[PDB]
Amino acid sequence: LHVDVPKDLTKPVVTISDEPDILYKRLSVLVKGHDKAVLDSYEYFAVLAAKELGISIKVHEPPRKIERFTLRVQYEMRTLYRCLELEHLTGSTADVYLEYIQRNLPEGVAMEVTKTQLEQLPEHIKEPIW
Amino acid sequence: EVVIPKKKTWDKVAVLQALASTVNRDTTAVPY
Amino acid sequence: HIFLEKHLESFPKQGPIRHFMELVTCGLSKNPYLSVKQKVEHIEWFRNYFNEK
Amino acid sequence: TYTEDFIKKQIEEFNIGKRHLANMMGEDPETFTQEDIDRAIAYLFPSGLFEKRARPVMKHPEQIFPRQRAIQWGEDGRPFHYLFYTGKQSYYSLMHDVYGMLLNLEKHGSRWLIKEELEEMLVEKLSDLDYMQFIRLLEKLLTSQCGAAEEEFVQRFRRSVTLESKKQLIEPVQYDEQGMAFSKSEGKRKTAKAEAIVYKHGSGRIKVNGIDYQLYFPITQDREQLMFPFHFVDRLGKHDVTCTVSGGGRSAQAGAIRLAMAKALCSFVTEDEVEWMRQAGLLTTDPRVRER
Amino acid sequence: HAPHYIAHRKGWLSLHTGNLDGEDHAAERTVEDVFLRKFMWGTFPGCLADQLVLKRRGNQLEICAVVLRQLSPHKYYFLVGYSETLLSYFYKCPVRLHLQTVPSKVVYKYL
Amino acid sequence: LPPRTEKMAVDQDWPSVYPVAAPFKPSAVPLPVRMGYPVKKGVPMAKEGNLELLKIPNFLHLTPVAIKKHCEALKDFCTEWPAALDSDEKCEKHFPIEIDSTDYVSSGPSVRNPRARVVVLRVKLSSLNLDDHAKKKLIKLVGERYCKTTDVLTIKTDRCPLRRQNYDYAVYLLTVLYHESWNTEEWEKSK
Amino acid sequence: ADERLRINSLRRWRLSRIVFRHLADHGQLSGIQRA
RNA sequence: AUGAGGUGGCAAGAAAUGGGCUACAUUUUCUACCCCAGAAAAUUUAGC
Ligand SMILES: [Mg+2]
């Protein structure tokens, strides 16, 4: 579009509720795939998006696994891994980032996200019962 | 002091709508 | 899901059915695949079966 | 067969596609490079295929499209080369030049190029006997007092080779907090994996998983295996070793430790001693493992 | 290409996470692919120049097929609508088709 | 009819062409990308009709320009980490309990994964108001769930079908464990 | 079924090997390559 | 009656060869340890 542009855009409604949000110490994202190049491109995408969203992210590569089996005709499965550990992000930032990167999850790539929520002691445990 | 910020709740399709609002119409293509 | 021993009230309280059924409900309480309704119906089936016997 | 117009259109299309890719990836089109092309095409089109050729590639057109359309005469029909009617103008021209050089000289680590490489450079097929004849002429030129120009002309025809002693990696020397120099290394034998640290100065104390070697290795064979590296280079009682081994059995662990400790000791000995240790079979991982 | 180039020169037609370690329902995905290939080859007879590509994103099932330009475009549209709707109601998921017409079969070599 | 890439300008807005994940369209991608092992005195196959380029899970819909534009519009949905929690050291101080929960992204018609019900509660015993006897009793109640090196007690709950139920069960277990460690029975006298 | 389980208390692709091979050999089974 | 029942019986013996399962030790066995202790007592067939 060079002249014909939308005049105004209806931004989605984001209401600041009154409840307190969940806090996450850590958010570890283990993506498993059959191709290393796909996982590398996904790593680039996720890391970049985290950078423009302000989230602190570190990347490492868990060791690959192979499942071999025979019918002699010998078939193979390779699983390669990429681990994206995000740190110090709230509930909403984590939620939106995860929605984005899960909707942009490529083919053959499964995801395992572990979220490490932070909580305070129950009031039943601050003092003993008398 | 740990000031826990407030939850922001958005309707089920907010993220898709924002992403779509980022993208303009394609001039050189027929409709989708 | 964890405390299903309140369905064992109509059974023998100290005989060997108490043993068998307490251990049964211990088994059921560790089942994550069933809902409460199926567990209760299963306990009721044992109720019946022992009552005919 | 590809016409020149086809290649020209491919060149124009490649330029337009390069600018399009630069626009896509956010870089400036003016400074966008071929390494950038490779990185961007790999990212946009991920591929795990092992064959690098099979992976998607965007290249300059001429790099793929080959060409061997050497025309040997013009519109009038006159051949360009005065030796054309021999059918082997390039080969016989080269032979003529060599003969002239030999006449002039008479008046006054590497290998010979293989037959197929001479074919590729001459862009003409030749038999085996004529390649022998050319190599004989080249050797004759070498025997005479060839000058600098003739030496360069010969060097056009002699390829290179390499060795397998410079590929021996000598680990760097590190320093601990106390200021003691040391060197670290790894070794492998069957399922046993060893990680050794050799100190420059010592009293011959070897600690295997924090345990003295004569206690960790009751069997004399393993102690001899640990002795072999230092005894070979005559440095018994001159170094301290701290090594950690895991997996395998007693003998696999001893062999892995021997390999790791020899690879660490390579840092404190002379290059001659490193080569001797290599030739004794000390710096080579043993690939013999259990078979299915 | 022979089978032993499936990860060297050839790729994979069907792509899904089922076979990965820990992931489940690989057999179900295999049966889905078998039925789906049979039905595509039975619904577009003599049109498919090349095998399908069955991609999966969550529920989505993208059938990226390569077809020819012999049959009239209206029949392509009619068949695309029919097959999408029937497969969506058969697999209970949002199936989609991405036909790519070619003037003729794209030969690689001769064997 | 001719492909529409001829109409695409060299300074056009790329994200508009491929807003979302879409297959490879050689009639829409304005690139002379070739893919394939060439035959003897041959070339890698052109894009038109190339099945291999269509089999790639392409990232044309996610370019750096598109990614930056998307993340610029998605900033509105984000909150801010409480600045007081500058690092871990204050993070296990103000918020001792750590609850780990897992979610799985597969591909298929069913979203159910039985492994998502597991919940892991981790709390350092030094943060619990325990005396010497209570700490001893708690540690030798839990057994292997407590690691001496780390001073961390880890309760893994997977009995209940849901995840909220398992989280509640873990909290309940910790509650009863604290109360029964702070209790001295009759047999406790004969240590 | 359930009755049978109760009285007891009181006391990879699901295809034929060849059909697997054809799909596996043609690249129709994802991630299953030949060693 | 190729259906449903009842009354009795039936539960083998001998070789020559083919195959298979067990224990078969002093460079062994039992205890402690995982290796410096104490007590016991002819044809063939494959394989590198
Ligand atoms: Mg009988």
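Below, chain A is the first sequence line, B the second, and so on; all start at residue 1. Only this structure's heavy atoms are used, side chains among them; waters, hydrogens and symmetry mates stay out.
- Every residue two or more places apart in sequence or in another chain that forms a side chain to side chain donor-acceptor pair (under 3.5 Å) with F/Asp88 is listed here: A/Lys25.
- A cation-pi contact links D/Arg158 to D/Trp112, judged by a cut-off of 6.0 Å to the six-membered ring centre and 45° from its axis.
- For H/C24, the torsion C1'-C2'-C3'-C4' is above zero, which places the sugar in the north, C3'-endo range.
- Sugar pucker at H/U43: north, on the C3'-endo side, as the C1'-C2'-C3'-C4' dihedral is above zero.
- For the pair D/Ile211 CD1 and H/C34 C1', the interatomic distance rounds to 14 Å; values are reported in whole Å.
- Between the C1' atoms of H/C30 and H/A41, the separation comes to 11 Å (whole Å).
- To the nearest whole angstrom, the two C1' atoms, one in H/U44 and one in H/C36, are 46 Å apart.
- No side-chain N or O of G/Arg34 forms a donor-acceptor pair with one of E/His4 less than 3.5 Å apart.
- Atom name P, nucleotides H/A46 and H/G20: the rounded distance is 14 Å, in whole Å.
- The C1'-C2'-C3'-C4' torsion of H/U29 is positive. Its sugar is therefore classed as north.
- Put simply, CG on D/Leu215 is 11 Å from P on H/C35, counting in whole angstrom units.
- Rounding to the nearest 0.5 Å gives a distance of 13.0 Å between CG of E/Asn19 and NE2 of E/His25.
- As rounded to whole Å, 11 Å separates atom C1' of H/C35 from atom CZ of D/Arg223.
- One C1' atom belongs to H/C21, the other to H/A25, and the distance between them is 22 Å to the nearest Å.
- The separation between D/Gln253 atom CD and H/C34 atom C1' is 13 Å, rounded to whole Å.
- With both ends at atom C1', the span from H/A15 to H/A11 equals 22 Å, rounded to whole Å.
- For D/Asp222 and H/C36, the CG to P distance is 12 Å, given to the nearest whole Å.
- Residues that satisfy the side chain to side chain donor-acceptor pair (under 3.5 Å) test with F/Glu98, not counting sequence neighbours, are absent from this structure.
- Annotation: H/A32 and H/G38 have their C1' atoms spaced 9 Å apart (nearest Å).
- Base stacking between strand neighbours H/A15 and H/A16 is detected by the criterion of six-membered ring centres within less than 5.5 Å and interplanar angle below 30°.
- Between the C1' atom of H/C35 and the OH atom of D/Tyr216 lies a distance of 15 Å, rounded to the nearest Å.
- With ring centres under 5.5 Å apart and planes tilted under 30°, the neighbouring bases H/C33 and H/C34 are scored as stacked.
- Listed by chain and residue number, nothing satisfies the side chain to side chain donor-acceptor pair (under 3.5 Å) test with E/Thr30 (two or more places apart in sequence, or in another chain).
- The furanose ring of H/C21 falls on the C3'-endo (north) side of the pseudorotation cycle, as its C1'-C2'-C3'-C4' torsion is above zero.
- At H/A11 the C1'-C2'-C3'-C4' dihedral is negative, so the sugar adopts a south, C2'-endo-type conformation.
- Rounded to whole Å, the separation between the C1' atoms of H/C33 and H/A37 comes to 9 Å.
- Atom name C1', nucleotides H/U27 and H/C35: the rounded distance is 14 Å, in whole Å.
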Result block: side-chain N/O donor-acceptor pairs under 3.5 angstrom for residues 46-53 of chain C, not counting sequence neighbours:
unit_1	atom_1	unit_2	atom_2	d
C/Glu52	OE1	C/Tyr49	N	3.4

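- The distance between atom CD1 of D/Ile219 and atom P of H/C33, rounded to the nearest whole Å, is 18 Å.
- Screening residues 189-222 of chain D for ring pair (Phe, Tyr, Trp, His ring centres under 6.0 Å) gives D/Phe182-D/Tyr199 as the qualifying pairs, with residues at least two apart or on separate chains.
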Structure string for RNA chain H in dot-bracket form, Watson-Crick and G-U at under 3.5 Å, | interchain: ...........................((((.....))))........

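- Judged by ring-centre distance under 5.5 Å and interplanar angle under 30°, strand neighbours H/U43 and H/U44 are stacked.
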